[PDB]
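Fold and contact review
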2 protein chains.
Amino acid sequence: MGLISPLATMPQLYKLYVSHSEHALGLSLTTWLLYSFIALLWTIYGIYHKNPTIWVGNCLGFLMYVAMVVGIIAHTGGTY
Amino acid sequence: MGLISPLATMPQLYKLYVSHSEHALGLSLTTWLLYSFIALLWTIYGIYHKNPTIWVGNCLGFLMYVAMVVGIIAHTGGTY
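Conventions adopted
Residues numbered from 1 in each chain as written, not as in the entry; some residues may be left out. Chains lettered and ligands numbered in written order. Heavy atoms only, no water. Contact = heavy atoms within 4.5 Å. Buried area = accessible area lost by both parts, 1.4 Å probe. Polar contact = N/O pair within 3.5 Å; in protein donor to acceptor, adjacent residues only side chain to side chain. Helix = DSSP H or I, 4+ residues; strand = E, 2+ residues; numbered from the N terminus.

The deposited coordinates, according to the entry record, derive from solid-state NMR.

1. Some words on the interface of chain A and chain B
The interface of chain A with chain B comprises 22 residues on the first partner and 22 residues on the second. For the chain A and chain B pair, buried surface summed over both sides reaches about 1800 Å², with 69% attributable to carbon and sulfur atoms. Taken together, chain A and chain B are joined by two residue pairs in polar contact. Those elements giving two or more residues to the side of chain A that touches chain B turn out to be α1 (10-19), α2 (29-47) and α3 (54-76) of chain A.

2. Observations concerning the side chain of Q12 of chain A
Here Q12 of chain A shows up in helix α1. With sequence-adjacent residues up to four places away left out, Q12 of chain A is seen in contact with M68 of chain A together with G26, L27 and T31 of chain B.

Below is the structure:
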């Protein structure tokens, strides 16, 4: 599912950026850092079994989520 | 961590709604449905062991994520 869910992100990327930029995600810088850890956190949990499933979706998720989050943050350079 | 990450959502809820509404999340209706399944999907996986850890964070995550997603969707009633 994690592999198929990035497919619905094809327009989310363009839509998000096209729809706006300063309020595209409406996320805070502090929250961004916490969110990033969560994505990687799941990967570490899976690594424990020396075979993380989430790692597959993590790559796409981390990149996709980060691209959107950084997009808004980079647009205003600030969030507060 | 999932229990502590909702804490950084205290201003995200107000910030997101206050920051905007039509472009608060910039998410699509179709994506919203897929996203909802992902949250619940993790819960089902954990249920398999008759002890889901994510279930704890799932409640807060699902409610928090849904509240923001529905907020933008309900604001415009459409996303495209």
